[PDB]
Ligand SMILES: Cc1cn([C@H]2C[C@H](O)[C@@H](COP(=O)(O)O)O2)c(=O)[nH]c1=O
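Starting off, we have a lone chain in the form deposited without thymidine-5'-phosphate, written out as structure tokens.
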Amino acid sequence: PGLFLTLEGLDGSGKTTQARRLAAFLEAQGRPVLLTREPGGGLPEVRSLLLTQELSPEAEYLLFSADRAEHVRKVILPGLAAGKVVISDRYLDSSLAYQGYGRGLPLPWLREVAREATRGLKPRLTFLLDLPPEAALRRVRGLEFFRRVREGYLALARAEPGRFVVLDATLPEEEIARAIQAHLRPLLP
């Protein structure tokens, strides 16, 4: 039993908003739900090292992967074992987009590290809230970096189009929330 779902996208794309909308929707149907996030979901103390004095991208990813390893084993898998819909605000795909396409780290190395960290656990669906960097920076707070990240997410979507549900994040919140519920309707329970 259980159903693992993730929300993905740039900063200010609406991940947390749609994650909370989905949680409350499933909760209103009386379904068990575990809303979680990355980083912090497995090892909460890793979030302090995110805001650390000029941390290298390789070390940053390995901290993410340590947290994600603990997140999978002690929170997500038990949640799935208990029949919950586990929704994670960010997952592996965040690291692949930001570290791989954004910062430039080799993808085979990232996937090699992730293979044992994640225990092979892929989301059943991943909802990619896609919008341009210019719109993303207006929502949340160089644009060349976020352009590579955006293209990375689409490259990952192109590689796994069954898993990735690509949605226009500039659409209204209701229209996006209604669409996410439509993609999940047949998967429940």
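Heads up: residue numbers just count along the shown sequence, starting at 1.
The next section is about a form of this same protein that is not shown, the form deposited with thymidine-5'-phosphate bound.
Within 4.5 Å of thymidine-5'-phosphate in the deposited bound form, a heavy atom is found for not a single one of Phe4, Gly41 and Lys84. In summary, among the residues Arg148, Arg124, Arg31, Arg37, the only one with a non-hydrogen atom within 4.5 Å of thymidine-5'-phosphate in the deposited bound form is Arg37.
Of the heavy atoms in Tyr101, none are within 4.5 Å of thymidine-5'-phosphate in the deposited bound form. Although the partner is absent here, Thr118 is not a contact residue: none of its heavy atoms lies within 4.5 angstroms of thymidine-5'-phosphate in the deposited bound form.
Remark: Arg163 does not count among the residues lining thymidine-5'-phosphate in the deposited bound form, judged by a heavy atom distance of 4.5 Å or less. Contact residues in stretch 45 to 64 (any heavy atom within 4.5 Å of thymidine-5'-phosphate, taken in the deposited bound form) are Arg47, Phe64.
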